[PDB]
Amino acid sequence: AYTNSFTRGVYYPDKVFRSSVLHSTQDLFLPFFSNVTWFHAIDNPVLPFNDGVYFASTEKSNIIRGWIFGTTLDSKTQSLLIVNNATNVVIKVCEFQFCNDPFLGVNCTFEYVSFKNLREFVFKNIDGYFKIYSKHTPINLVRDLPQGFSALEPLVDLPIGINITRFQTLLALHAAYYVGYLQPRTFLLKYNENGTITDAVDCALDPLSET
Amino acid sequence: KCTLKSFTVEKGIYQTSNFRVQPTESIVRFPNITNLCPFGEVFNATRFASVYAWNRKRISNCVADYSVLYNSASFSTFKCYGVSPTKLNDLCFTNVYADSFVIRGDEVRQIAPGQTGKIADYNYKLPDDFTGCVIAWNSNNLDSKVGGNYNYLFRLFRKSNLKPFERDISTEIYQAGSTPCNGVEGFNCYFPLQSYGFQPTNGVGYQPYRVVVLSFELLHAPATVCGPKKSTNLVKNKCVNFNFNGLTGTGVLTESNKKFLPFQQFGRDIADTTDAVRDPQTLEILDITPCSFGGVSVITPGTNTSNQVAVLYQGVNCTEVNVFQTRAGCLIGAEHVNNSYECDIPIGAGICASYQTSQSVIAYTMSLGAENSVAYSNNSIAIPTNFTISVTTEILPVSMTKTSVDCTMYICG
Amino acid sequence: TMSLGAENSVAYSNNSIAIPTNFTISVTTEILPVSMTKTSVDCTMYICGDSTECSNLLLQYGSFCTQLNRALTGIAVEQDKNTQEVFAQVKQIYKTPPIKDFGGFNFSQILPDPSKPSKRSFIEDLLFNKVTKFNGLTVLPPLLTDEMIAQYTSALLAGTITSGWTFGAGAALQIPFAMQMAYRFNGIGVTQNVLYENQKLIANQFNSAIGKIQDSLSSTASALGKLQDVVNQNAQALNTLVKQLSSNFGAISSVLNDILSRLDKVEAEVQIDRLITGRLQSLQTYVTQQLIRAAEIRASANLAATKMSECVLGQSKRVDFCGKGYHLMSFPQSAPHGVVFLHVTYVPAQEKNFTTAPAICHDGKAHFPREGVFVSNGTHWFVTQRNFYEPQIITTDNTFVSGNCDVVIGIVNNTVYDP
Amino acid sequence: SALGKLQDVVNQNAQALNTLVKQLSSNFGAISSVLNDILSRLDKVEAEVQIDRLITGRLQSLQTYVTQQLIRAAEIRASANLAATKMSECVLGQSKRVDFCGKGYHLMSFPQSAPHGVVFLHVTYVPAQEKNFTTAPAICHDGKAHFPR
Ligand SMILES: *[C@@H]1O[C@H](CO)[C@@H](O)[C@H](O)[C@H]1NC(C)=O
Ligand SMILES: *[C@@H]1O[C@H](CO)[C@@H](O)[C@H](O)[C@H]1NC(C)=O
Ligand SMILES: *[C@@H]1O[C@H](CO)[C@@H](O)[C@H](O)[C@H]1NC(C)=O
Ligand SMILES: *[C@@H]1O[C@H](CO)[C@@H](O)[C@H](O)[C@H]1NC(C)=O
Ligand SMILES: *[C@@H]1O[C@H](CO)[C@@H](O)[C@H](O)[C@H]1NC(C)=O
Ligand SMILES: *[C@@H]1O[C@H](CO)[C@@H](O)[C@H](O)[C@H]1NC(C)=O
Ligand SMILES: *[C@@H]1O[C@H](CO)[C@@H](O)[C@H](O)[C@H]1NC(C)=O
Ligand SMILES: *[C@@H]1O[C@H](CO)[C@@H](O)[C@H](O)[C@H]1NC(C)=O
Ligand SMILES: *[C@@H]1O[C@H](CO)[C@@H](O)[C@H](O)[C@H]1NC(C)=O
Ligand SMILES: *[C@@H]1O[C@H](CO)[C@@H](O)[C@H](O)[C@H]1NC(C)=O
Ligand SMILES: *[C@@H]1O[C@H](CO)[C@@H](O)[C@H](O)[C@H]1NC(C)=O
């Protein structure tokens, strides 16, 4: 199934404070009103990755708990495994081996450790760095990806050098989730008095946005 | 007098140099990390990579000394890009990476930005805007052997050239023509690697050299590598020169209300110039205004009448510099007066200044003219009983000097 | 496809005339820019940001820096002169009488409000509502404050209302306001009994026309677009000059302290000279376009200073110079960076057609009107003033004789009365 | 100081030429401001790199001068168009335009020549000695209202 992305999938572009200003930047973004793919775990196939991925999932009951990323997933090369399950974050980057159907049962160069609601995440792999941004909010709409804006904040940057073309999400076994590819796009971003990114324009969306 | 390049100054108000005060101290700030960086594990390792399979070491959580590196007797070549080697001990980096391999002494020329040839194109490619240092040394005593050391290899063939920092260790037989190679050499089927086979009898260009490429992550993200230099105490509300994490400048450091998000490390102006910092040793958001400043204007009657002068600090409040707060800025050396006159020297916002008595520079609000009430009523008229013939002079510019220039004689003489 | 206007056929013939039987007093606004924001740049603090390393390289370019500061200072001094030449056209600060006995005309919307901290008029308060740094750039205040400009528009207006044009040419001579308006009516070629016989109508039309100025300025936000365009262009130019500091111009960084903290002297000077080159070209572009923009503001201020003398201090015979229609009078109001003129004009309003003749025949003599036209209702002949229908008996004393009946094309036979 | 508008035209054009000459002493980043010094110290391939810094800066110096002379010529043309209008309307006529031919009611004007300019001697009538009177818009006679011609 599919849904319209609306104004979703925007993040803080660099670790610099700016305020009371409009700022123009070019990066991998989810284009406004782009064609998002939609799933119901309540349904976790392997999917392509391309240049980068926006991922989001709904929440009330903690069904979707992590992700796997790589190319072949057969220990012949490195892969990324992320757990994020509200009680724990655990991340490792080994030459992993897996089955075709991984779940949480009811050479590792690096490690990191730490509906009612909506969870948003962005994953991109640039110049040998794999980078993570996220945002979390209450919602009313059970049906679909809700129309609105809020910028994703950087969590983690990994200098890990892994080549990636595919990914998958992880379930607890013996929620709804959304996927959309980023594209190289120019955005105009609004920084308020506190340096919150409060609004954005996709400069390639239509002639008025270009204006 | 110097700003006008003249020993005589006519009556008026003149803008001179902007108001600044010399830096009180050269402040230094760095994260107080204690570990010496593991560069001995980079440069003095017994094993070393074949250049087709170059080995990267991440360097982080530590203090370096690049002067100890670039002054070391160990190195036969040392070059840097985007930074100069003399300056490295004053900097910090989000990360450093050391990429390491063996090649013959002639081929070291291929380890530079934008290079071409077997090593640059099939083994290890730098980007055009590489920031870092390339370091190399003759390793004949370690890496040559009698009858040849064949353990060191380079990629002889590839279907396409490498992208910057691309890595490729495959040994599949290279198909140089129509022949399907299927895991064996033959007519236009060749093994994709070759060896220098290093021997101690070789001329220096055919002797082994070890290479290290230090790549510097000189980003705005918080530093994990820094040079050996030590932090000073901090200063506030006084003009100072500074270094934070390698960022130099001069200004009045202050506290600030700028509510940085947890990941933000620097703040920038509309000009992209740094206007604020988070201190690396504690989470303090300073503002980096320059020295407390404005333009300085000097009010003078002509030097043909007095050497007395008044000074206007444009937009500066008198607490930040007789003394008088005009809306144009703080005015100093002018006697403020409650009379009003025609404007003599204009200051701005209704204020003017003149030289008056015992003589002094005075400052006053300008008079618009004499006040009058016309004696109006709905049945009174005034009619003139006499007249005066007036002759008055109007002067108009009509032309200017007709200049001509031989631009070839002006430029090239 | 754009429409140029409604098509119209004038009812022309060799003996038909249209004469207006009534009039309207029109008040129309004109808005003129007079000044622009005065700016200073310290070209060394813009280019080099108090780096001494950059400052010593900038000395190798010589007097480019001081001649940019000199050009901006000349522009800044001109803005005060532009303002002085529009508003300081009164030698004395005239004030209005305590009793406003102006023959029914009401100036209270355009005269000062004494309650306000600056004593602007009600309409000047509407105008002042409808029009809205570390890098070596500064904005300098004007010499005359808005309260000083408002005291000049007050004195120009008080002189006009109490003394006619006389304060423009000598001492202010008082005259009753309805008698001053009777002179304005003679000045447009309307006989002054037309004012005194219609004074309540003329006063009501004026008071109503000033009421429409309030309603337009209170609602039509786009009205002062000429003055807002001047504010916008100067903000756009400074915002462009500041953002050009973020450019590389081919250097390794736009941040001059990156170059100085990354590189040693001989390598740094090659990168700093690229920034000096591009930042000096950036600043030369700003100062050149501000010199060209100042020349347009000066042309507009010279026009505004000419409309002050010829429309406010006088009555103008120049067509369209002081609004559409025959000019009676004008009032200045101050606005941000500008002046507003309220131009009062007589517009003829209710035509009737009449038969006409160039001359009249009586006793074989050809008679011509002294100060009028000959006109007929279809049975009788009258002489009329040319700008307002007021018919009179054709008489030896409102006509003059020249030659006989034989020479004039279109002459008509009619008796001329002898008193 | 009456002639200040004409002396200002002389002073600005002198200052512009002196600024243009002083810029020949600038290095613009070359080893020297002097072109024979570069050519007597450096051989061809080295000399051309130094000369191109002087050409670049001297050419920019000369373009800056011509641009400010073009802007200054436009102001002199505006002033000469005004002086030509004053000649027609104030010398060859009598002007009804307020303050165009001096203050007071214009009678007459005379031109005098000056360096780079013109001087107009404007002759005007100024009313001088008021008296106050009672006034009326009209008068009643035989029930007829009379107005002054
Ligand atoms: C998304 O693309 C598919 C075809 O690949 C199409 O069926 C679907 O209607 C599209 N959705 C939207 C919202 O355009
Ligand atoms: C979260 O993951 C950890 C393993 O990293 C596991 O011990 C824990 O039980 C998990 N909690 C939930 C709520 O799945
Ligand atoms: C580590 O590398 C070797 C090859 O050198 C590989 O066989 C092994 O599978 C890797 N380790 C893991 C955890 O897969
Ligand atoms: C800035 O943030 C503070 C709380 O941190 C809040 O009180 C204030 O309203 C915010 N300002 C704006 C304009 O959102
Ligand atoms: C390093 O700085 C921390 C504060 O961030 C302080 O607690 C600690 O004592 C310091 N240690 C040294 C050796 O300076
Ligand atoms: C110089 O100033 C004096 C007064 O200090 C004055 O008398 C004299 O005229 C001035 N010089 C000239 C050349 O006018
Ligand atoms: C100048 O600064 C002082 C505080 O140092 C303040 O009390 C005063 O009001 C300021 N004056 C102006 C005109 O801003
Ligand atoms: C000037 O006026 C101020 C009040 O505006 C008053 O305090 C001061 O004493 C006066 N000084 C003189 C010399 O009149
Ligand atoms: C005058 O008469 C003509 C007759 O054709 C008519 O067209 C025109 O509209 C009339 N004008 C007025 C002012 O009555
Ligand atoms: C006006 O035109 C008529 C025809 O329409 C002609 O008979 C008459 O002689 C003309 N009279 C004048 C005054 O030209
Ligand atoms: C005219 O009369 C008024 C009466 O208030 C008086 O103020 C004024 O001085 C008189 N002017 C002349 C010229 O006599």
# chains A, B, ... in the order shown; residues from 1 in each chain; ligands from 1
call {"tool": "residues_near_ligand", "arguments": {"ligand": "ligand 11", "cutoff": "9 Å", "atoms": "only C-alpha atoms and all ligand atoms", "output": "VMD selection string"}}
result
(chain B and resid 373 to 376 380 to 384) or (chain C and resid 173 to 174) or (chain D and resid 129 to 133)
call {"tool": "residues_near_ligand", "arguments": {"ligand": "ligand 8", "cutoff": "12 Å", "atoms": "only C-alpha atoms and all ligand atoms", "output": "VMD selection string"}}
result
chain B and resid 335 to 340 362 to 365
call {"tool": "interface_residues", "arguments": {"of": "chain D", "to": "chain B", "cutoff": "7 Å", "atoms": "only C-alpha atoms", "output": "PyMOL selection string"}}
result
chain D and resi 5-6+9+55+58-59+76+79-80+83+102+116-136
call {"tool": "residues_near_ligand", "arguments": {"ligand": "ligand 10", "cutoff": "12 Å", "atoms": "only C-alpha atoms and all ligand atoms", "output": "PyMOL selection string"}}
result
chain C and resi 12-16+355-359+408-412
call {"tool": "residues_around", "arguments": {"residues": "residue 296 (chain C)", "least_positions_apart": "4", "cutoff": "12 Å", "atoms": "only C-alpha atoms", "output": "VMD selection string"}}
result
(chain C and resid 32 to 36 75 78 to 79 82 230 289 to 292 300 to 303) or (chain D and resid 71 74 to 75 78)
call {"tool": "residues_near_ligand", "arguments": {"ligand": "ligand 6", "cutoff": "8 Å", "atoms": "only C-alpha atoms and all ligand atoms", "output": "MDAnalysis selection string"}}
result
chainID B and resid 302 304:306
call {"tool": "residues_near_ligand", "arguments": {"ligand": "ligand 7", "cutoff": "12 Å", "atoms": "only C-alpha atoms and all ligand atoms", "output": "mmCIF file with N, CA, C and O atoms, in the first residue's frame"}}
result
data_model
loop_
_atom_site.group_PDB
_atom_site.id
_atom_site.type_symbol
_atom_site.label_atom_id
_atom_site.label_comp_id
_atom_site.auth_asym_id
_atom_site.auth_seq_id
_atom_site.Cartn_x
_atom_site.Cartn_y
_atom_site.Cartn_z
ATOM 1 N N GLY B 315 26.270 55.374 17.983
ATOM 2 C CA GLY B 315 25.428 54.309 18.544
ATOM 3 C C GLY B 315 25.882 53.715 19.886
ATOM 4 O O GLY B 315 25.143 52.934 20.484
ATOM 5 N N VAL B 316 27.060 54.079 20.395
ATOM 6 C CA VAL B 316 27.577 53.631 21.696
ATOM 7 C C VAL B 316 26.891 54.397 22.828
ATOM 8 O O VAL B 316 26.749 55.617 22.761
ATOM 9 N N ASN B 317 26.490 53.697 23.889
ATOM 10 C CA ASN B 317 25.968 54.298 25.121
ATOM 11 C C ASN B 317 27.131 54.843 25.970
ATOM 12 O O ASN B 317 28.167 54.194 26.069
ATOM 13 N N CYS B 318 26.983 55.985 26.642
ATOM 14 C CA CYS B 318 28.093 56.597 27.387
ATOM 15 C C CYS B 318 28.698 55.725 28.503
ATOM 16 O O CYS B 318 29.855 55.924 28.870
ATOM 17 N N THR B 319 27.970 54.731 29.016
ATOM 18 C CA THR B 319 28.487 53.741 29.981
ATOM 19 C C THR B 319 29.400 52.676 29.353
ATOM 20 O O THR B 319 30.161 52.035 30.072
ATOM 21 N N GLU B 320 29.377 52.484 28.031
ATOM 22 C CA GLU B 320 30.224 51.521 27.303
ATOM 23 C C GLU B 320 31.546 52.107 26.784
ATOM 24 O O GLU B 320 32.460 51.350 26.461
ATOM 25 N N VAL B 321 31.685 53.433 26.699
ATOM 26 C CA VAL B 321 32.916 54.085 26.221
ATOM 27 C C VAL B 321 34.087 53.828 27.178
ATOM 28 O O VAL B 321 33.982 54.037 28.394
ATOM 29 N N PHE B 324 27.749 63.695 27.175
ATOM 30 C CA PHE B 324 26.341 63.899 26.820
ATOM 31 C C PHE B 324 25.828 62.781 25.900
ATOM 32 O O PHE B 324 26.379 62.533 24.832
ATOM 33 N N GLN B 325 24.758 62.092 26.293
ATOM 34 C CA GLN B 325 24.131 61.061 25.469
ATOM 35 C C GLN B 325 23.198 61.686 24.424
ATOM 36 O O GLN B 325 22.040 61.986 24.712
ATOM 37 N N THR B 326 23.670 61.842 23.190
ATOM 38 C CA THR B 326 22.792 62.117 22.042
ATOM 39 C C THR B 326 22.146 60.816 21.549
ATOM 40 O O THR B 326 22.650 59.720 21.809
ATOM 41 N N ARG B 327 21.069 60.907 20.766
ATOM 42 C CA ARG B 327 20.467 59.746 20.085
ATOM 43 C C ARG B 327 21.304 59.235 18.901
ATOM 44 O O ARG B 327 21.132 58.100 18.471
ATOM 45 N N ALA B 328 22.253 60.032 18.408
ATOM 46 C CA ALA B 328 23.286 59.594 17.468
ATOM 47 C C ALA B 328 24.397 58.744 18.122
ATOM 48 O O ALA B 328 25.094 58.008 17.427
ATOM 49 N N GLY B 329 24.571 58.829 19.444
ATOM 50 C CA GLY B 329 25.629 58.171 20.211
ATOM 51 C C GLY B 329 26.167 59.056 21.334
ATOM 52 O O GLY B 329 25.762 60.208 21.487
ATOM 53 N N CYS B 330 27.089 58.544 22.138
ATOM 54 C CA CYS B 330 27.721 59.339 23.186
ATOM 55 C C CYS B 330 28.609 60.445 22.601
ATOM 56 O O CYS B 330 29.506 60.154 21.815
ATOM 57 N N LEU B 331 28.391 61.698 22.997
ATOM 58 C CA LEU B 331 29.192 62.858 22.616
ATOM 59 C C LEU B 331 30.014 63.337 23.815
ATOM 60 O O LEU B 331 29.472 63.603 24.884
#
call {"tool": "residues_near_ligand", "arguments": {"ligand": "ligand 4", "cutoff": "7 Å", "atoms": "only C-alpha atoms and all ligand atoms", "output": "MDAnalysis selection string"}}
result
chainID A and resid 192:194
call {"tool": "write_last_selection", "arguments": {"atoms": "C-alpha atoms", "output": "short mmCIF file (atom, residue, chain, number, x, y, z; two decimals), in the first residue's frame"}}
result
data_model
loop_
_atom_site.label_atom_id
_atom_site.label_comp_id
_atom_site.auth_asym_id
_atom_site.auth_seq_id
_atom_site.Cartn_x
_atom_site.Cartn_y
_atom_site.Cartn_z
CA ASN A 192 12.91 31.08 15.23
CA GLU A 193 14.28 33.23 18.16
CA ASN A 194 15.36 29.98 19.95
#
call {"tool": "residues_around", "arguments": {"residues": "residue 234 (chain C)", "least_positions_apart": "4", "cutoff": "10 Å", "atoms": "only C-alpha atoms", "output": "ChimeraX atom specification"}}
result
/C:36-39,229-230,238-240,290,293
call {"tool": "residues_around", "arguments": {"residues": "residue 21 (chain B)", "least_positions_apart": "5", "cutoff": "12 Å", "atoms": "only C-alpha atoms", "output": "PyMOL selection string"}}
result
(chain B and resi 238-241+250-252+290-294+320-321) or (chain C and resi 50)
call {"tool": "write_last_selection", "arguments": {"atoms": "C-alpha atoms", "output": "PDB file, in the first residue's frame"}}
result
ATOM      1  CA  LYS B 238      36.725  42.344  28.674  1.00  0.00           C
ATOM      2  CA  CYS B 239      38.277  42.354  25.159  1.00  0.00           C
ATOM      3  CA  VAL B 240      40.621  39.368  24.490  1.00  0.00           C
ATOM      4  CA  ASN B 241      42.172  37.337  21.701  1.00  0.00           C
ATOM      5  CA  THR B 250      39.325  38.728  19.004  1.00  0.00           C
ATOM      6  CA  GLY B 251      36.404  40.191  21.014  1.00  0.00           C
ATOM      7  CA  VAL B 252      34.538  40.764  24.302  1.00  0.00           C
ATOM      8  CA  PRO B 290      33.980  41.863  18.773  1.00  0.00           C
ATOM      9  CA  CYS B 291      35.429  44.554  21.115  1.00  0.00           C
ATOM     10  CA  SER B 292      32.526  46.861  22.208  1.00  0.00           C
ATOM     11  CA  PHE B 293      32.609  49.255  19.236  1.00  0.00           C
ATOM     12  CA  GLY B 294      31.152  51.830  16.862  1.00  0.00           C
ATOM     13  CA  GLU B 320      30.224  51.521  27.303  1.00  0.00           C
ATOM     14  CA  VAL B 321      32.916  54.085  26.221  1.00  0.00           C
TER      15      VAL B 321
ATOM     16  CA  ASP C  50      39.874  43.261  12.625  1.00  0.00           C
TER      17      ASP C  50
END
